[PDB]
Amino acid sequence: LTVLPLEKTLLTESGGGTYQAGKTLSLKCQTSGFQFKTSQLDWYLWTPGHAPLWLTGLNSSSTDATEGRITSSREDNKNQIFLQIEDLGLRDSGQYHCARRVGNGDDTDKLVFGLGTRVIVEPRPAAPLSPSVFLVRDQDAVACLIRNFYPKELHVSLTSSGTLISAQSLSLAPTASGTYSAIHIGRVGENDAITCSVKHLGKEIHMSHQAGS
């Protein structure tokens, strides 16, 4: 015979979505299946490509957090805990998991996680900003560098004397200033005429390296 607590750890996070930088994140974790008041509960950030990171946690007597802008709290009659992160930035994107510590009490304890909820932080809107366009070359590779535009929607095309070059592909990312920059890569002989042409908010911007006068 063995004696074990009768319990299942059910955790369901909600509140995820796309947020603007500077806003406050508010997440809820609905729990069930185990004795709520006496439990130990935490929030972890799982961003793809990074180490899962502890953010904050709490029980009935104490709470702690990794930063001042991060806090958690409890609603006992509903068996819920909450997460609040003020002043969101791009680094706060990822999958937020509610976690419960389970085990004997020592360093053999495990975390049980819920499915989590996805948070995407994007720059806060600001005045439209047309990009600048620069061509760069290395042997038969051409990069088209597109710097500091807002909003993110644009259309890019690399062409050699009027026709689309092969193996074009576009990479786009936010910067720290709340704008976007982007690189469009293609393959073309180092002596071919090349034009990079960008359309953004109905304006056309371009750079070309001519092969003749």
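The numbering used is simple: start at 1 and walk along the sequence shown.
**Student:** On mean Cα temperature factor in this entry, is 187-195 or 18-26 the higher one?
**Tutor:** The stretch with the larger average C-alpha B-factor is 187-195.
**Student:** Of the two stretches 158-166 and 38-46, which shows the higher Cα B-factor on average in the entry?
**Tutor:** Here the higher of the two C-alpha B-factor means belongs to 158-166.
**Student:** Based on the PDB record, which member of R118, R100, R137, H97 exhibits the highest Cα temperature factor?
**Tutor:** Highest CA B-factor of the listed options: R137.
**Student:** Would the CA B-factor of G89 place it in the lowest, middle or highest third of its chain?
**Tutor:** It belongs to the lowest third of the chain when residues are ordered by C-alpha B-factor.
**Student:** Split the chain's modelled residues into thirds by Cα B-factor; is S61 in the lowest, middle or highest one?
**Tutor:** As the PDB entry reports it, the C-alpha B-factor of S61 lands in the highest third of its chain.
**Student:** Quick check for you: using the entry's CA B-factors within this chain, is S177 in the lowest, middle or highest third?
**Tutor:** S177: CA B-factor falls in the middle third of its chain.
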